[PDB]
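Next up is one chain by itself, shown in structure tokens, the form deposited without the named molecule.
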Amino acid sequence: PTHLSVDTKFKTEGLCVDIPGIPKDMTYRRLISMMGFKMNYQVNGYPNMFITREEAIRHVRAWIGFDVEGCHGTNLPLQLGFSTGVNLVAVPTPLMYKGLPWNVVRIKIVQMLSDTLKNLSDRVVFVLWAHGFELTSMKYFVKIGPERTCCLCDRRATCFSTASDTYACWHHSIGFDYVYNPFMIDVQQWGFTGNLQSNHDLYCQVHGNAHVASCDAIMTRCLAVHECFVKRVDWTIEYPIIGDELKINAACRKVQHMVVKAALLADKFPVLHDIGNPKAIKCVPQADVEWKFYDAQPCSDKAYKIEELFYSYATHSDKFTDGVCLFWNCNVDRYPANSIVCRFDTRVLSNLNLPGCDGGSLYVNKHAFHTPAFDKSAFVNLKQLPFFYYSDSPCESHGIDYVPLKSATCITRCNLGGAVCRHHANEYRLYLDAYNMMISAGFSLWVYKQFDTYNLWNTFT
């Protein structure tokens, strides 16, 4: 049960308008043969072009929605749509291109997939709502065979060039003309009633149907993300390291200890309400405060209503108005005024953040997290948290070169005394680096309106 058996049944109802008379009884083996691909009994890492839902979820970074619309059967032109927004027109003689023959269209397909996926994945997963023409068009731009490595590196081969007779990964495929060993999944095989638009619109209002192939390709991948990451959640699935994952995660831990520690020193709240991850540990273990935890899993569909986080049924809830409330990646519709918040901005463009469902995004860093759409109005009772570095640690160096630090946001005894010491200058520069890393990864920081770093200077007396 590792791969999808080629002898598994494939439901053909969705294919019978493009392919009338298609056998109701069909396997992946006969379907693949129909598409013009010869597996010839091969045990070399490519058992099936199609993959299980579990295998697709593990390779969510490789997903590219694909749809083909029949503009006019190898005699009429086809519109090729991709979830990148690209529409190509292939002739057999929202980015829309005019009619060109397959030999030139296939060069553009390789270029587009290579530029989209080189920093995300080792493969491509064509996400379909299969009706017929997309499967029968694959023979015009896809070549299959045994698993291979790139001619210029150790990465698996994803492209093929008929000009040079060589194979390349997404990084070294310039001028390559064929997609080599792609994977695919038909969303219609999951058990849906009704067409694509009707099932998609049930969960998302951000992707309209402008009636082009790329609209369907976007809606297809969106519907798939909703089913695999919104309605169904699995935080036990690990994902490879493709970018600044370790640095971003380390930065969030530094930023959270800093911000929370300074809030408790500046306003001396007697109680802190830590709302969110049921596995959370105190970010400031030495603070005086009564630390009270509240369990709430990451919301992947809609942001939590704040009234439901405080709903206690037939008993009195804890008093949230006493002290401060810490919402570290705990997404709510409207934060209370006495809060410290970290809220991921789903609009951020990065290799970790994939487009999601209903304005939301799929942030993949060790685990996959579908996050609801970022909404500025959640923060009406708060203000943006400004950058500051605080330290009560002694001014001692131990064991890099130097330019003296001058900054109003270095809250240390040395700065109060007139001149930043070398230890606090190094630590400040490191902390600013960690902070900028976290902000550029998409995280946004918010705090109660009375927060004032001027209150931190008297903690040195």
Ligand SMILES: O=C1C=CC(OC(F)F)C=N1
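Numbers follow the displayed sequence, beginning with 1.
Note that the form solved in complex with the named molecule isn't included here; everything after this is about it.
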item: Ligand-site call, the named molecule overlaid in the deposited bound form, backbone or C-beta contacts under 2.4 Å, 3+ atoms; value: blocked
item: Contact flag, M39 vs the named molecule in the deposited bound form, heavy atom cut 4.5 Å; value: yes
item: Contact label in the deposited bound form: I57 to the named molecule, heavy atom within 4.5 Å; value: no
item: 4.5 angstroms heavy atom contact with the named molecule in the deposited bound form for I32; value: yes
item: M49: touches the named molecule in the deposited bound form, heavy atom cutoff 4.5 angstroms; value: yes
item: Sole residue of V110, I144, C228, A378 within 4.5 Å of the named molecule in the deposited bound form, by heavy atom; value: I144
